[PDB]
Amino acid sequence: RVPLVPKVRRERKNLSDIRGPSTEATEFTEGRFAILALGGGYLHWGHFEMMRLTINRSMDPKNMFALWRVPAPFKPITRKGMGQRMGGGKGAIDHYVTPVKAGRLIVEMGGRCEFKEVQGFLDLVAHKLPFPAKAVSXXXXXXXXXXXXXXXXX
Amino acid sequence: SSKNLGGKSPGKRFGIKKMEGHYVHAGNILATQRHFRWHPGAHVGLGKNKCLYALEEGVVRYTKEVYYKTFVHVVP
RNA sequence: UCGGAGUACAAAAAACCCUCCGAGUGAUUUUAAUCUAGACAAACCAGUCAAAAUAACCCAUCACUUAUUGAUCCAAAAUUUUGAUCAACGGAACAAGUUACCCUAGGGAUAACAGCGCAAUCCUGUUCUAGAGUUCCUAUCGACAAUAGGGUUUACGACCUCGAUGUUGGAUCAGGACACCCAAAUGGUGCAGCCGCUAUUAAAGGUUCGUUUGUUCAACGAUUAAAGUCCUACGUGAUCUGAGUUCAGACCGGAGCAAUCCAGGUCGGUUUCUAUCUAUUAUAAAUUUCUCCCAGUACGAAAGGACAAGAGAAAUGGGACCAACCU
RNA sequence: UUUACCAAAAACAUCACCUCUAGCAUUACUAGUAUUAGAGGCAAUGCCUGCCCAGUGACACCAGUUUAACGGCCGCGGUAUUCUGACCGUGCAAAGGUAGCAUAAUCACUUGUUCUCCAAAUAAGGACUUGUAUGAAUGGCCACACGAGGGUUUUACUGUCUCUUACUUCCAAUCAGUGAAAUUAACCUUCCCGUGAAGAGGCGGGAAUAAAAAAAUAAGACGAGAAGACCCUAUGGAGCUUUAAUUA
RNA sequence: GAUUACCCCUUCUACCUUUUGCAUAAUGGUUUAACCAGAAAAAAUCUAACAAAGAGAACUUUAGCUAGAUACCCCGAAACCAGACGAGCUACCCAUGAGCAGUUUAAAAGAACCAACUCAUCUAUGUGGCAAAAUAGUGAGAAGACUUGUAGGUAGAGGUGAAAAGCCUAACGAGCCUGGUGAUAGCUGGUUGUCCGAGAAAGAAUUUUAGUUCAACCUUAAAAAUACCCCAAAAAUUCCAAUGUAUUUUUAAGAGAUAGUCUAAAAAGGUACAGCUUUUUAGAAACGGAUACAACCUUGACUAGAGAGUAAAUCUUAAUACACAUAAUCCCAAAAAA
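Cut-offs applied
- Residues numbered from 1 in each chain as written, not as in the entry; some residues may be left out.
- Chains lettered and ligands numbered in written order.
- Part of a larger assembly, values for the part shown.
- Heavy atoms only, no water.
- Residues with missing side-chain atoms left out of burial classes, pairs and counts.
- Core = buried A, V, L, I, M, F, W, Y, C linked by side-chain atoms within 4.5 Å.
- Buried < 20%, exposed > 50% of the residue type's maximum accessible area, 1.4 Å probe, protein only.
- Helix = DSSP H or I, 4+ residues; strand = E, 2+ residues; numbered from the N terminus.
- Contact = heavy atoms within 4.5 Å.
- Expected span 1.5 Å × (residues − 1).
- Arc of directions from axis to C-beta.
- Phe/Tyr/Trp six-rings, centres within 6.5 Å; stacked < 30°, edge-to-face > 60°.
- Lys NZ or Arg CZ within 6 Å of the ring centre and 35° of its normal.
- Pairing = 2+ DSSP bridges.
- 1 Å grid on protein atoms, 1.4 Å probe; cavity = no way out; pocket = protein on both sides within 12 Å on 5 of 7 lines; lining within 4 Å.
- Points joined across faces, edges and corners; volume = space filled by probe spheres on them.
- Nonpolar A, V, L, I, M, F, W, Y, C, P; charged D, E, K, R; others polar.
- UniProt positions renumbered as here; feature names shortened; annotations may be inferred.

In the PDB archive, cryo-EM is given as the structure determination method for this entry, at a resolution of 4.90 Å.

1. Considering the nonpolar core
The biggest cluster of nonpolar side chains holds 22 residues, and the ones touching the most others in it are A:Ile35, A:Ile55, A:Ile106, A:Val107, A:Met109 and A:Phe131. Elements that contribute at least two residues to this core include exactly strand 1 (33-37), helix 2 (45-57), strand 3 (64-67) and helix 3 (115-127) of chain A. Looking at which element gives the most residues to this core, the answer is helix 3 of chain A, with five residues. When sequence neighbours within four positions are dropped, the list of residues in contact with A:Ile55 reads A:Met64, A:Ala66, A:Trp68, A:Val107, A:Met109 and A:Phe121. With eight residues, the next largest nonpolar core counts B:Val24, B:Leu52, B:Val72 and B:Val74 among its residues.

2. Details of helix 3 of chain A
All names here are of chain A. Helix length check: helix 3 (13 residues) gives 18 Å between terminal C-alpha atoms against 18 Å at 1.5 Å per residue, within 8%. Here helix 3 has its buried residues at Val 118, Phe 121, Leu 122, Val 125 and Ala 126. All buried residues of helix 3 lie within an arc of 150° about the axis, which places them on one face of the element. In helix 3, the exposed positions that point more than 90 degrees away from the buried face belong to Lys 116, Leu 124 and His 127.

3. As for the packing of aromatic side chains
For the coordinates displayed, the defined rule picks out one aromatic pair over all chains. Judged by centre distance (6.2 Å) and plane angle (70°), the ring pair of A:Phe48 and A:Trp68 falls under edge-to-face. Of the two residues, A:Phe48 is situated in helix 2 and A:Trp68 in the loop between strand 3 and strand 4 (75-79); the sequence distance between them amounts to 20 residues. The partly exposed category is assigned to A:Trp68, whose relative accessible area is 32%. Over the ring of B:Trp38 we find B:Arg37; its NZ or CZ atom is 5.2 Å from the centre of that ring.

4. Overview of the sheet that holds strand 6 (residues 52-54) of chain B
Residue and element names in this part refer to chain B. If you trace the four strands from one edge of the open sheet to the other, you get 1-3-6-5, paired in antiparallel fashion. Among the strands making up the open sheet, the edge pair consists of strand 1 (15-16) and strand 5 (44-45). Note that strand 3 (residues 29-32) and strand 6 share two bridges and pair antiparallel. If you follow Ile 29 over to strand 6, its bridge partner there is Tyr 53.

5. Re the layout of surface pockets
The method is simple in principle: a probe with the dimensions of a water molecule rolls over the atoms, and the space it marks as empty is what remains. Residue and element names in this part refer to chain A. Empty space within the largest pocket amounts to approximately 320 Å³. Lining the largest pocket are 18 residues; nearest its centre among them are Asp 60, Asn 63, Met 64, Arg 112 and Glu 117. Those elements that provide at least two residues to the lining of the largest pocket are strand 6 (108-111) and helix 3. No other element matches helix 3, which puts four residues into the lining of the largest pocket. Classifying every residue of the lining of the largest pocket gives eight nonpolar, four polar and six charged. There is about 200 Å³ of room inside the second largest pocket.

6. Description of the UniProt feature "binding site: Mg(2+) 1" (unreviewed entry) in chain A
Residues and elements named next belong to chain A. When the UniProt feature table is mapped onto this chain, "binding site: Mg(2+) 1" (unreviewed entry) is found at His 127 and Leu 129. Considering the arrangement of structural elements, one finds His 127 in helix 3. Along the chain, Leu 129 turns up in the loop between helix 3 and strand 7 (133-136).

7. Points about unusual backbone geometry
Residue and element names in this part refer to chain B. Positive phi is not limited to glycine here, since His 35 has a value of about 55°. If you trace the backbone, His 35 turns up in the loop between strand 3 and strand 4 (39-40). A positive phi is found at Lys 50, a non-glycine position, where the angle reads about 65°. With respect to the element layout, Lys 50 can be found in the loop between strand 5 and strand 6.

In C-alpha cells:
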C-alpha cells in the first residue's frame, strides 16, 4: 500500500495529533471488539502492514473478518543523509506514518464472540505497538468511562 | 544546495484605518483592503485599489445587510 | 530587485541555505487636459485614494485579482523627451587570477586536532513470540516491532583555548573499567566419556617471540594455561623517537594559456629549556604450568576414556646472597 | 657545481647532437669574420628519432611552406569447441602511438597475476599486458666505467640486541672564593567526589596534615619561551603571471 | 565580627581588560618611585550690554544684535616614494703574485691511493654555548672547472647568480641610512577626585556584518496639552465610556546602542537529539532558597541600630507474581516510614 502520486510536498510536523485527544473514531459501531490508543503517536506503514499480517496469520478459521479504521498514511517522514550536516535544504523521505490520537480505534474485528482469543490477540498487538493498546468492548469501555467520570466528580 | 527560489514581499498594511464611532474628516482613508471584504455605503467612495474613503465630514458606522453585504456609512 | 499563495488561526508587522508559483512583459479598443481640499503608508528616498472648481467632450478588458521595474551626474531626436541586464537591481563612468617564498593587523565573536554537550550513527544487555530445530516456541536461532544502557566509531553544536591545549605511530612507565581471552567456582546442553557449545559469578595474577609493509590493520611462522577489549587530552614529546605530517627543493601522472595547485603517489629536510610550588624517592604473607603415579579400571560392539589424592620438575615474580662457575 | 646558516640529491653545469638569427668595423661582442658570434633544446657513447601544418608561431606574402617549432597522435559492431579477433563494416578527426618499453621515479582499483629470494617477503629481482594516467631531442631504449645519491639479498664481524655488568676521566655532590639568567598580580600553596565558560590547591562536602631543607623523578600549576607560520576576517601589504581593464 | 596586649573557630570565588557570561586553567602586571593619554562654537542653552536696533565705519536684524561662559584623547604596523651611503662580508670578473709531500708505474703535470690546503657525508656533543654556525670521530676533492694574497670593477624602477627565489656586511619575493612622516590602522592594547537624580540589549538600508546614517529608546532645559488601565454599541486583538490615575507629547539642543543568551509557551529546521539553529509572546540577571552555579523560587534595591514580624526553602515517602574506566555516598552524620 503506497501513495498513488506523492508529488505533494512533505508535510510539517504539527504535533497537535499527539497532543489532541480526538474522540472522533471512538465510535464502536458494528464491531463487537476493537483496539484503543492510550497515547498519541505516529503509526508507521510497516507497523500497520505487519499488523495486517499478524491478524491474517492469527485468523480464526470458523468466522473472522478484519476491518481497519486507520487509513493509509498521508504523512511522510523526512530524514537527511547519514553523516550530513544541518540545513542545506530538506532531506529525503524515508517512509510514511499515520497520526494517531487518543481514543482512535486502530483495528476492529467482526465475527463470533470469544474472550479468550480476542483478549490474547489484541494483547499481542498491544505488544507490537509503540503506544499502549487497550482491548475494548462496549460494556468495558462504558464502565471505564463511567468510573472515570464518577472518580473525577468526587 | 537549494533548488527552489522565492523572494519576500513587503507588507502594504491592508486593514481598517478607522473604527465605528470615531469622528473622521472628508477625504480620510477608512479601510484599505484586497478585493471586497466590505462594501461602500452612503457618503463613502470607492477607489481603484478598492479602498473605501469618506466623502463628507461625519461619523463612521458599520451596518450588515442580507438580501450578504456589509456597508460602511458616514453620518454628518 | 519585484509580485502572489503558506509558514505568519478573527486589525498590522515578523526569520531560516523553510515551502509552492510567477516577472523584467504580451495583446485588443478608447484614450487618461489643466489643479484645489483632505488622508493611507513611510528612518531617508520612493508609493496609493481622492470630494470639488475651471477649459473642452458627454482610462477600459484580458495573462485567477494585483507584478512587470532604476535614485544622481553625464549624452541625443531638439527644445521637449528618448538611453545603462547600473540584474552585485538605494546603483564607486571604466578591472580577472596566484602566492607551499610570504609579511602585518586581528579573532576561539569563526574551521581542522583533543576536551565538553548531545547519542542519529556505532556497540551491547533486554521486551513480544511468528517461524526453524524430524517430533518439540525459547539446547542453539528471534520475521516484525517495543523498552534501554554505554560514550571506544562516523557526525551535529561551536562552550574554554589561535598574546599556541604541539594532532599519528613506536619506545618507556603504568593505573583503572568488565561487555572475561586464559586460570577459578557453576547451570543447561542434541553433556556416555574426553573435548566443545551457551549462560552465570569473579579483574588477584598473567595475557609471548618473529616475517612483509610507516599502521589503525591484515596475511603468515613457532609456541603458550591465554596470546582479551576499552578508557586514561583516541594515557604518556618541560622523558625520548620524526617513521608518518605541518612549512623552504628534485621528477613521474593529472588539472591550468600562464602565475601554480592537487585532501594523489616516489626522495631529502637543525625538535629550545639548569625544577619555584604541589606530588613522588618501597616492610613482608605470592602467582601460573608441565610431567609422573593410581590406569589404561568403571562405562562402551568398537573407537574412546576421568574426579580426587600423591610425587617430581620448571616458569613468572617478591625478597635476597657471592661458597663454586662467569665479567 | 648549487639553497653561507634545516635539502649536496636523480637537480645545474659538462663534452657532443640539432634547430635558428647574424656578410657588419676603430673603447662589449672583437682589435673576431660562416671552420666565427649570439639564442634555444637536448646531454658521453651505442641503436634510432615514425605520423599529423586544420589552430598558434616562424619563413616567403594572403596563398603556400615549416615538428630536433608551440602541440596533437580515436570509438562502435560483426566473423571459427570456450575464449580471443588476422579480416570486414561504420562514425568522427588535421592526423589517430610506428620502433622500443611497461603494475615503471608512471598502475587508481592494488598487497595485479605468475616465478625467484625467505621457515613467513604490501619491499626487491625476473616475466605476463585492459598502459585509470609510457613513448622516440621537455628525446626513446640500452650501456663499460664512475657515485659521501635512491633500494634489495648471502657472507664476515660486532654490547645493536637476548641482557646487561664493571672500570677510567670531565660534570653532577661537599667546602671556600666571585656571584647569573629567563620567569614572577599577591600567595599561608594536600587529596577525592561534584560543581563552576563544560579539566579547581583558593567553590561546596568528605579525607589527610606540627614546623623547615638537601640530593633525585618530570604528573600538575591548561609550565616557561614566539600578539599561530594552518583557518577565517580587513573594501591590509608585497612578490609573480596574463587574452583583467586602462596607456606616457 | 568576637576574643586575648598575640593566634586557632566562625562570615567571604584577586584586580583589570575583553565579553551573553571570568576566582577562572581568557588578557595585562616582580615591587616601588616618577613620567604618561578629551586641547575645536556654527546653530543652540545660559549670564550681561542696548533695543527697532546692536556692534570701535564690518555685518546682522518681522525682537534682534553684541560680548563672555558650556561639547569631539594617545601608542602601534607590515609597506610606498625620494635622495644617498654599501662588493674590508659574499657572488662574478679584471690586473698582478704565490701554493698544492709521498707511493705503484709502460714515455706521460698521464691514472689510483694518501699528508697540507680547500669542503662540511653521517653520528655524537654543545642548545642564554668555547661559538648569534662550534667541537670530536668519520667522510669528499686534493694538476684541477684547484686554492689563495694584494691592487680594481658591477647596487636596489638593480647588480650578480655551473639557476636554490640564492647572494649583495650575521633575518633579501628584493639591502641599509636619512627624509616625506606624527604615512595609513573601521583593529588591538590603554585613558587618573567626591557626591546626587534619571537611566539603554535590536526598524529598515549600506562593495555593508568587528563600521556608519536617521527611526526604536534615553538625557537636559521650557511650554501647550491631555494620556493611559479601557465595559456593553462594533470589525487574540484593533477602538471607545466610566474607574482609580498620573502623565502623553509639542518645541529647542545633545547622546550613545545596532558581533547578546536562557527558561516557560506556540512554531520551523534537525533525529517527538543537543548548553542546536531560525521566529513570535513573556520573564530574566543582591549577597535570601536551590550543596556550590547567569536566567528557576522568594523579593524590587535610603544610611545608621547587640529590635521585631514574615516570603521562598531546608531532613522523608512509590512497588509486587501459592554495565564503564582515580576514593565512597545523587551536600556531613544519622533518622523515620506546629
